[PDB]
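Enquirer: Before I ask anything, here is the structure I am working with.
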Amino acid sequence: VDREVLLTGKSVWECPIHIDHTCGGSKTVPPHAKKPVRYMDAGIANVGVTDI
Amino acid sequence: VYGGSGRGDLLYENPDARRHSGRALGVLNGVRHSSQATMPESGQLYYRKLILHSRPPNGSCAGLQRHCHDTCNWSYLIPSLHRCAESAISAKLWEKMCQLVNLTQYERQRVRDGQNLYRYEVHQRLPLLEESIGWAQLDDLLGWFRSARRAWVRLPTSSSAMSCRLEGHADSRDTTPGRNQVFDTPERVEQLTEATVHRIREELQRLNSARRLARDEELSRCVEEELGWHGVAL
Amino acid sequence: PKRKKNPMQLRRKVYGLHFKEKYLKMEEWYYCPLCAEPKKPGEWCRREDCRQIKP
Amino acid sequence: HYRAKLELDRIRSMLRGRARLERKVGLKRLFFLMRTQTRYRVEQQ
Amino acid sequence: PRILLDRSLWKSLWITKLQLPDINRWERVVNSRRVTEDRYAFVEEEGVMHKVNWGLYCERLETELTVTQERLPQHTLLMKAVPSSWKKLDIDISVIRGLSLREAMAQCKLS
Amino acid sequence: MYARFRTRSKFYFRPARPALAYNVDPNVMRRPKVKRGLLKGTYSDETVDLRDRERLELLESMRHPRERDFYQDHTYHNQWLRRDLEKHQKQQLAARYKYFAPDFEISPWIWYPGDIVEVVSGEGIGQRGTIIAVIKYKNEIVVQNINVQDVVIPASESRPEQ
Amino acid sequence: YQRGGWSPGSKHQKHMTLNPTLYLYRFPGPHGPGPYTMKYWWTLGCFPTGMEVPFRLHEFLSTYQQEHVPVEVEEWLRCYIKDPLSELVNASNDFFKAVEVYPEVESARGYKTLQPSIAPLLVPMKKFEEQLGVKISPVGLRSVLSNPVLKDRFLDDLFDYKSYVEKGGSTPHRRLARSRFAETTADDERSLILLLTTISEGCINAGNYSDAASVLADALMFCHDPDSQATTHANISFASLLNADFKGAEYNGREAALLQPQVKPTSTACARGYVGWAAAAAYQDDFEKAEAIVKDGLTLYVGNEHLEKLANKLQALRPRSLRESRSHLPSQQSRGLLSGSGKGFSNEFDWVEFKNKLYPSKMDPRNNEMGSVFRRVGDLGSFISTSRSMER
RNA sequence: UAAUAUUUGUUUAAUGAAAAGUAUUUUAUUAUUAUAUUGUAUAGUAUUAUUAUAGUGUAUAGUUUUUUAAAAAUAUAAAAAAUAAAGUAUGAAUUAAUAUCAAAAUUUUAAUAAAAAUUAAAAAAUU
RNA sequence: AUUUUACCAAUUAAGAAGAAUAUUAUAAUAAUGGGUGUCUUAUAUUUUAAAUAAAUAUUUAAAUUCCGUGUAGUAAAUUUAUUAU
Ligand SMILES: [Mg+2]
Ligand SMILES: [Zn+2]
């Protein structure tokens with residue numbers, strides 16, 4: 001697809017392949033799983049800060 | 001002066017201090033006395049003889065058994081000077097400059113960088129250029145003007161960078177013997193240019209099918225327009 | 001061996017005539033007048049010229 | 001212990017093959033030589 | 001670090017494409033900012049030391065080295081991963097040094 | 001007895017070249033960009049590597065028939081187990097393939113074809129162009145007549161190399 | 001136990017109960033992995049141990065990704081190929097410009113001067129040659145650029161070819177176009193055969209005869225004039241005589257003869273053809289036919305200074321099984337230095353050629369001598385092949 | 001150590017083979033008389049090891065990979081005989097503080113003393 | 001001439017996506033035994049028991065086979081507490 005896009009010049013939006021970032025490990029996790037709600041986390045990121 | 005930087009080379013190689021290496025100075029090869037360990041006394045002529053002449057031959061040196069380059073030929077040196085011109089100044093750029101200052105700032109610096117470098121390596125090659133005008137050839141006498149033109153440098157006959165001397169006070173300047181550095185460049189380039197004009201007319205007097213007809217039309221045409229750009233006639 | 005030999009002991013073997021005769025020796029040859037190959041005198045080729053008259 | 005490796009490492013050029021090639025061998029050779037000549041110079045020559 | 005120059009190291013390695021975006025360009029700290037100048041090489045000219053543009057200087061050096069190696073009347077062949085030993089091959093080489101191509105090929109053919 | 005061979009002392013002692021600390025070659029910022037082989041005096045016209053595929057038959061024409069090499073079509077260990085690559089080709093994979101990482105796509109993606117755009121850093125700096133095509137998953141942009149290089153289209157039955 | 005490292009590459013003795021390792025047949029070493037494991041890499045698909053995961057990505061990008069080009073693109077690419085007329089013009093121009101600036105060789109005294117290499121000249125000429133369709137000697141080119149006379153001819157013939165290709169059309173392209181969908185040799189083509197003969201003439205002075213003979217083939221390819229054909233065939237006769245191509249000389253020797261009616265009276269060509277035909281006959285040891293041919297030459301051409309020379313030389317010189325055995329000239333000695341059978345290699349006992357594959361001399365499909373595999377073949381359970389009692 | 005040892009593929013009665021727990025059969029394959037389902041070829045001892053273990057069942061498929069141009073001594077057999085050593089190719093292992101080496105004799109020194117001192121007279125290579 | 005004696009020498013800057021969701025400690029909010037190429041069935045899928053423990057404690061005195069053993073609520077649910085892509 002790299003070669004073909006380099007030739008034809010078409011724009012490509014979505015990746016031509018699916019990437020499973022867990023390397024097949026997400027199937028090990030039960031289907032109903034969701035992360036818990038964490039309160040009062042440590043971090044500076046939720047303060048949106050542009051200049052520091 | 002043997003191993004590191006020759007007569008007509010373009011390197012600046014500092015023989016006494018090793019600035020290109022990847023490792024501390026472990027074993028000093030030329031050594032005379034065992035007192036060279038803690039106080040080598042390099043910098044004395046008689047010990048740097050022994051050190052520098054024990055260095056392995058470089059790509060610059062071309063040691064004895066190996067066949068060396070024909071450098072002092074004018075016919076090598078002129079296209080050498082010419083390949084410096086296409087370095088700083090690109091073809092496109094050249095065209096835009098040929099037309100006629102509106103130029104990208106970034107771009108401008110390349111022109112003055114061309115001028116700078118060309119000045120330098122003219123300084124390097126002229127001790128080999130002054131050797132060779134004698135057997136130099138009709139094309140590459142003309143190349144001297146072509147290459148200066150392409151690098152956008154006007155040659156001093158009395159834009160131009162070749163006229164002024166680099167500033168520094170004569171007490172502070174480096175006068176050390178054995179390093180070939182000509183202190184008057186604009187005075188010895190000028191009388192190089194005059195010489196190489198005078199030799200050209202010799203060979204055009206010497207040179208007097210359709211091949212010779214067209215050739216003798218064309219190069220005679222190239223003389224007045226190339227020498228004319230540097231302000232020289234005939 | 002009871003000890004490591006230095007470059008000199010390694011270099012001692014090349015002074016010998018056995019070494020020189022075995023390894024660094026040039027062969028004498030001429031051109032086979034029938035085959036034009038380089039040839040040592042006394043060794044021939046399988047070719048019907050070179051069997052009867054063996055040049 | 002100070003054996004003066006880092007000064008004598010610069011001398012090796014005056015030693016023949018096995019000593020000038022490999023470091024420790026050469027350093028032993030130079031340590032021996034210089035101690036010997038020192039001793040000799042002070043008491044005999 | 002209160003000012004991180006890009007060619008320097010912090011929790012990092014020498015990743016050279018990341019460290020220096022442009023090899024020709026040179027990065028330094030000026031007036032508490034990252035300020036980026038053109039790299040120069042110091043070269044002796046008239047006995048003073050003059051600054052020349054580094055990039056074209058270097059590429060010119062390698063240019064002339066390649067061309068002085070090239071326009072020479074020789075041919076240098078390098079053969080790699082030869083399937084012999086070092087000692088044996090050195091032995092078999094030392095016969096052939098300083099010979100005509102004719103005698104070289106003949107002595108190679110006859111052993 | 002007519003040739004002259006004195007044993008070279010390098011085969012007796014071959015210490016490895018000193019390895020770099022943090023890959024930092026201490027003098028990069030000092031010395032030129034000249035290839036060290038060139039300044040050393042090393043040059044070659046052809047480099048013929050016998051580990052290449054094409055050269056393979058003369059690699060087998062120079063060896064002796066007496067030396068056997070076993071396991072030509074089979075292998076002592078079963079090759080159908082998944083076992084990982086050696087590490088530096090894993091590094092090649094990673095450096096070549098960065099866009100396989102999670103969230104490599106840039107958040108609320110702005111660049112769409114047709115926009116007029118300056119090149120801020122690197123080569124072609126200060127050049128305005130129009131976005132021709134967008135390769136989104138790589139975070140890459142094709143800009144009109146900027147970064148134009150050659151593409152080699154190989155020979156085949158009917159065509160030459162273009 | 002353990003007089004060496006704990007690595008599975010390390011030098012000295014190990015023991016199994018202390019330093020257990022599994023059986024690695026050929027384990028690629030610490031540095032470069034060598035030609036042996038690579039032999040295995042290119043034949044059976046991986047390294048012989050089966051622990052090294054075959055990773056070929058770096059050549060997939062080299063061969064298969066590069067040739068990918070889709071149909072929609074490659075259906076349009078040949079509509080964009082360069083104009084060959086223009087390419088011939090440009091090639092001729094810059095080749096000539098590059099040849100004109102070649103420095104005149106300085107003549108030293110007491111020692112021969114090394115000619116300046118033609119490095120910059122290979123680049124224009126390699127474009128020019130296959131824009132034209134004829135391969136040209138580098139050696140012959142340099143030798144032509146040595147002699148001032150040859151350089152003169154080469155230069156002005158290049159100039160004429162240039163001018164004729166700019167003002168006129170390209171005649172071989174004309175007669176290539178009119179062929180698939182007859183006339184005397186055109187101006188440009190005359191220029192071309194002239195410069196190719198010049199460069200072959202230079203190719204001979206340096207003593208590359210095979211190449212000089214190979215250059216002139218295309219030279220006759222471009223000549224439709226019977227005068228040109230006669231001269232060129234003659235020239236190839238001589239250039240294949242020096243190459244010891246005797247069937248080639250005794251082929252091309254007689255066409256140059258066959259053209260004698262329709263070639264002008266002002267030609268030396270046909271006589272040269274006689275000389276070559278005769279000389280080739282002479283070199284193969286048939287002297288009678290040689291003298292017969294020179295007799296014919298002096299019959300038809302009366303006195304001829306080359307046929308004088310060859311009649312009296314033959315005269316001075318004056319079994320079928322032993323003919324053309326002798327090695328009479330040095331170029332086949334040169335060709336015998338290469339391509340010969342030496343002790344231990346390139347003989348019939350090392351590797352034998354079969355259908356473009358290498359074999360050991362044990363399986364030699366043209367030979368059943370002792371040690372050969374085909375002696376062990378048996379009778380294959382059908383009929384008894386030979387009356388041999390014990391073996392086979 | 002190591003221009004070393006080893007290897008070295010010019011003629012087969014290993015007939016057979018379930019107990020091997022590894023080896024991309026691309027469709028290995030019935031024509032059945034039988035029904036569904038399932039499954040057929042080379043890795044025991046770290047090896048393509050000295051060479052397997054055991055149960056079938058049978059006797060004319062020769063059922064088809066072992067280098068080499070002298071002699072000592074070692075190994076068999078009858079100091080004779082058979083075998084093996086300059087060889088092209090592959091290429092390990094024990095050992096290694098050493099200076100280009102350390103040869104001969106005499107005494108001494110805290111126990112051989114290649115430690116001293118003195119006289120002396122050890123060339124190189126190969127076996 | 002057929003032939004330029006025998007012997008005697010080093011120590012290398014490094015050509016390059018062939019070193020990063022990298023190693024180690026650090027997060028006092030989750031936590032029935034993680035298993036993807038998985039997928040009827042559970043007669044055959046049971047781990048419980050008052051103790052020193054996946055729960056780990058702010059002094060030098062006294063006294064005890066005289067000679068190796070020793071500090072008690074700090075606040076009563078109070079903020080030393082087994083955290084984590
Ligand atoms: Mg690296
Ligand atoms: Zn022959």
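Ligands are numbered from 1 in the order shown, residues from 1 within each chain, and chains are lettered A, B, ... in the order they appear in the structure tokens.
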Set the distance at 8 Å and use only C-alpha atoms (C1' of nucleotides): which residues neighbour segment 38-43 of chain G once local chain neighbours fewer than 3 positions away are removed? I'd like the list as a ChimeraX atom specification.
Expert: /F:51,53,56,72 /G:33-35,46-48
Enquirer: Could you save the residues just selected, with C-alpha atoms, as a compact mmCIF listing (two decimals), in the first residue's frame?
Expert:
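Result written to result02.txt:
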```txt
# COMPACT_ATOMS: atom_id res chain seq x y z
CA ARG F 51 27.19 -13.78 1.10
CA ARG F 53 22.55 -14.66 -3.44
CA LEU F 56 26.46 -18.12 -4.39
CA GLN F 72 20.66 -29.43 3.81
CA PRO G 33 27.66 -14.43 9.98
CA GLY G 34 29.73 -16.03 7.27
CA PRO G 35 29.25 -17.58 3.83
CA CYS G 46 16.93 -20.58 7.18
CA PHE G 47 20.03 -21.23 9.25
CA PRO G 48 20.65 -24.95 9.89
```
Enquirer: Which residues are near residue 9 of chain C? Cut-off 12 Å, only C-alpha atoms (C1' of nucleotides), ignore same chain within fewer than 5 positions. Put them as a PyMOL selection string.
Expert: (chain C and resi 3-4+14-15) or (chain D and resi 17-18) or (chain F and resi 7+12) or (chain H and resi 100-101)
Enquirer: Of the candidates C:32, C:52, C:38, C:23, which shows the shortest atom-to-atom distance to ligand 2, using only C-alpha atoms and all ligand atoms?
Expert: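 For ligand 2, the nearest of the given residues is C:32.
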Enquirer: Select all residues from chain I having any atom no more than 9 Å from an atom of chain D (counting only C-alpha atoms (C1' of nucleotides), ignoring ligands), output as a list in words.
Expert: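 Here is what falls inside 9 Å: residues 9, 10 and 11 of chain I.
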Enquirer: With ligand 1 as the partner and 12 Å as the cut-off, tabulate the residues of chain E that qualify, each row holding the nearest pair of atoms and their distance in Å to one decimal, using only C-alpha atoms and all ligand atoms, sorted by chain and rising number, as a tab-separated table.
Expert:
```
residue	atom	partner	partner_atom_place_in_ligand_line	distance
E:13	CA	ligand 1	1 (Mg)	11.4
E:14	CA	ligand 1	1 (Mg)	10.1
E:15	CA	ligand 1	1 (Mg)	10.3
E:16	CA	ligand 1	1 (Mg)	11.5
```
Enquirer: Selected residues, C-alpha atoms, written as a PDB file, in the first residue's frame, please.
Expert:
```
ATOM      1  CA  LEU E  13      20.890   7.761  24.141  1.00  0.00           C
ATOM      2  CA  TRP E  14      22.659   8.968  21.038  1.00  0.00           C
ATOM      3  CA  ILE E  15      19.811   8.513  18.614  1.00  0.00           C
ATOM      4  CA  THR E  16      21.439  10.808  16.020  1.00  0.00           C
TER       5      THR E  16
END
```
Enquirer: At a cut-off of 12 Å, list the chain C residues touching chain I, using only C-alpha atoms (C1' of nucleotides), as an MDAnalysis selection string.
Expert: chainID C and resid 8 11:12 15
Enquirer: Write out, as a PDB file, in the first residue's frame, the residues just selected, with N, CA, C and O atoms.
Expert:
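Result file follows (again-v7.pdb):
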```
ATOM      1  N   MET C   8      57.909 -14.470  17.440  1.00  0.00           N
ATOM      2  CA  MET C   8      59.201 -14.890  16.921  1.00  0.00           C
ATOM      3  C   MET C   8      59.259 -16.393  16.670  1.00  0.00           C
ATOM      4  O   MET C   8      59.768 -16.824  15.639  1.00  0.00           O
ATOM      5  N   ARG C  11      57.388 -17.122  13.748  1.00  0.00           N
ATOM      6  CA  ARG C  11      58.087 -16.636  12.570  1.00  0.00           C
ATOM      7  C   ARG C  11      59.327 -17.463  12.246  1.00  0.00           C
ATOM      8  O   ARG C  11      59.919 -17.310  11.181  1.00  0.00           O
ATOM      9  N   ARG C  12      59.721 -18.339  13.164  1.00  0.00           N
ATOM     10  CA  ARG C  12      60.935 -19.130  12.984  1.00  0.00           C
ATOM     11  C   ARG C  12      60.752 -20.209  11.931  1.00  0.00           C
ATOM     12  O   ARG C  12      61.716 -20.649  11.311  1.00  0.00           O
ATOM     13  N   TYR C  15      61.709 -19.531   8.013  1.00  0.00           N
ATOM     14  CA  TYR C  15      63.098 -19.478   7.566  1.00  0.00           C
ATOM     15  C   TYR C  15      63.506 -20.819   6.971  1.00  0.00           C
ATOM     16  O   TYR C  15      64.467 -20.907   6.211  1.00  0.00           O
TER      17      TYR C  15
END
```
Enquirer: Show me, as a PyMOL selection string, the residues that have an atom within 8 Å of residue 16 of chain A when counting only C-alpha atoms (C1' of nucleotides), minus same-chain residues fewer than 2 positions from it.
Expert: chain A and resi 1+14+18
Enquirer: Given the selection you just returned, output its residues as a file containing N, CA, C and O atoms, formatted as a short mmCIF file (atom, residue, chain, number, x, y, z; two decimals), in the first residue's frame.
Expert:
```cif
data_model
loop_
_atom_site.label_atom_id
_atom_site.label_comp_id
_atom_site.auth_asym_id
_atom_site.auth_seq_id
_atom_site.Cartn_x
_atom_site.Cartn_y
_atom_site.Cartn_z
N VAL A 1 0.84 -1.19 0.00
CA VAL A 1 0.00 0.00 0.00
C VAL A 1 0.87 1.24 0.00
O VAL A 1 0.52 2.25 -0.61
N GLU A 14 -7.88 5.63 6.72
CA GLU A 14 -7.77 4.55 7.69
C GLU A 14 -6.66 3.56 7.31
O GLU A 14 -6.41 3.31 6.13
N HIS A 18 -5.71 -4.03 10.41
CA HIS A 18 -6.09 -3.77 11.79
C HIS A 18 -4.94 -4.12 12.72
O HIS A 18 -4.34 -5.18 12.60
#
```
Enquirer: Quick one: everything within 12 Å of residue 75 of chain E, counting only C-alpha atoms (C1' of nucleotides), minus sequence neighbours fewer than 3 positions away in the same chain. Send it as an NGL selection string.
Expert: (:B and (67)) or (:E and (69-72 or 78)) or (:F and (43-47)) or (:G and (117 or 119))
Enquirer: Show which residues sit within 12 Å of segment 91-94 of chain E, as an MDAnalysis selection string. Count only C-alpha atoms (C1' of nucleotides), and ignore same-chain residues fewer than 2 positions away.
Expert: (chainID C and resid 14 19:20 22:26) or (chainID E and resid 84:89 96:99 104 107:108 111) or (chainID F and resid 1:8) or (chainID H and resid 3)
Enquirer: For chain C versus ligand 2, which residues have an atom no more than 7 Å away, and what is each residue's nearest atom pair and distance in Å rounded to one decimal, using only C-alpha atoms and all ligand atoms, chain-then-number order, as JSON lines?
Expert:
```
{"residue": "C:32", "atom": "CA", "partner": "ligand 2", "partner_atom_place_in_ligand_line": "1 (Zn)", "distance": 5.4}
{"residue": "C:34", "atom": "CA", "partner": "ligand 2", "partner_atom_place_in_ligand_line": "1 (Zn)", "distance": 5.1}
{"residue": "C:35", "atom": "CA", "partner": "ligand 2", "partner_atom_place_in_ligand_line": "1 (Zn)", "distance": 4.4}
{"residue": "C:44", "atom": "CA", "partner": "ligand 2", "partner_atom_place_in_ligand_line": "1 (Zn)", "distance": 6.0}
{"residue": "C:45", "atom": "CA", "partner": "ligand 2", "partner_atom_place_in_ligand_line": "1 (Zn)", "distance": 5.1}
{"residue": "C:47", "atom": "CA", "partner": "ligand 2", "partner_atom_place_in_ligand_line": "1 (Zn)", "distance": 6.6}
{"residue": "C:50", "atom": "CA", "partner": "ligand 2", "partner_atom_place_in_ligand_line": "1 (Zn)", "distance": 4.8}
{"residue": "C:55", "atom": "CA", "partner": "ligand 2", "partner_atom_place_in_ligand_line": "1 (Zn)", "distance": 6.9}
```
Enquirer: I'd like to know which residues of chain F are strand (DSSP E or B) (by DSSP, run on the backbone); could you write them as an MDAnalysis selection string?
Expert: chainID F and resid 21 24 46:49 116:118 128:135 140:143
Enquirer: Keeping only C-alpha atoms, write those residues as a short mmCIF file (atom, residue, chain, number, x, y, z; two decimals), in the first residue's frame.
Expert:
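Result went into out.cif, see below:
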```
data_model
loop_
_atom_site.label_atom_id
_atom_site.label_comp_id
_atom_site.auth_asym_id
_atom_site.auth_seq_id
_atom_site.Cartn_x
_atom_site.Cartn_y
_atom_site.Cartn_z
CA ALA F 21 29.27 4.92 25.54
CA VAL F 24 28.14 8.79 21.78
CA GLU F 46 33.56 -3.24 -6.77
CA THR F 47 32.62 -4.74 -3.48
CA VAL F 48 31.81 -8.35 -4.21
CA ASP F 49 30.11 -9.96 -1.25
CA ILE F 116 -1.78 26.09 1.68
CA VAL F 117 1.11 25.22 3.95
CA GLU F 118 4.61 26.42 4.81
CA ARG F 128 4.68 27.32 0.49
CA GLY F 129 2.71 24.53 -1.14
CA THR F 130 -0.70 22.90 -1.39
CA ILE F 131 -1.54 19.62 0.31
CA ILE F 132 -2.04 17.04 -2.41
CA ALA F 133 -2.66 13.86 -0.45
CA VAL F 134 -2.98 12.84 3.18
CA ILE F 135 -1.58 9.63 4.57
CA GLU F 140 2.38 12.17 6.81
CA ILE F 141 1.53 14.75 4.19
CA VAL F 142 2.29 15.11 0.51
CA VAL F 143 2.81 18.80 -0.32
#
```
Enquirer: Using only C-alpha atoms, find the residues of chain F whose closest atom to chain D is at most 10 Å away, then write them as an mmCIF file with N, CA, C and O atoms, in the first residue's frame.
Expert:
```cif
data_model
loop_
_atom_site.group_PDB
_atom_site.id
_atom_site.type_symbol
_atom_site.label_atom_id
_atom_site.label_comp_id
_atom_site.auth_asym_id
_atom_site.auth_seq_id
_atom_site.Cartn_x
_atom_site.Cartn_y
_atom_site.Cartn_z
ATOM 1 N N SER F 9 51.852 -9.527 12.103
ATOM 2 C CA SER F 9 51.660 -9.602 13.549
ATOM 3 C C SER F 9 50.234 -9.288 13.984
ATOM 4 O O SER F 9 49.916 -9.351 15.170
ATOM 5 N N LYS F 10 49.377 -8.948 13.028
ATOM 6 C CA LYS F 10 47.994 -8.607 13.342
ATOM 7 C C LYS F 10 47.147 -9.846 13.598
ATOM 8 O O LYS F 10 46.214 -9.799 14.384
ATOM 9 N N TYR F 12 48.163 -12.401 15.113
ATOM 10 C CA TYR F 12 48.547 -12.858 16.443
ATOM 11 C C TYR F 12 47.718 -12.142 17.507
ATOM 12 O O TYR F 12 47.361 -12.717 18.534
ATOM 13 N N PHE F 13 47.439 -10.870 17.259
ATOM 14 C CA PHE F 13 46.706 -10.050 18.205
ATOM 15 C C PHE F 13 45.639 -9.223 17.491
ATOM 16 O O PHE F 13 45.969 -8.323 16.724
ATOM 17 N N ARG F 14 44.367 -9.505 17.764
ATOM 18 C CA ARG F 14 43.261 -8.743 17.176
ATOM 19 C C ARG F 14 42.270 -8.320 18.247
ATOM 20 O O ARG F 14 41.223 -8.947 18.413
ATOM 21 N N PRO F 15 42.591 -7.253 18.985
ATOM 22 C CA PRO F 15 41.635 -6.767 19.980
ATOM 23 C C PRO F 15 40.439 -6.116 19.286
ATOM 24 O O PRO F 15 40.615 -5.545 18.211
#
```
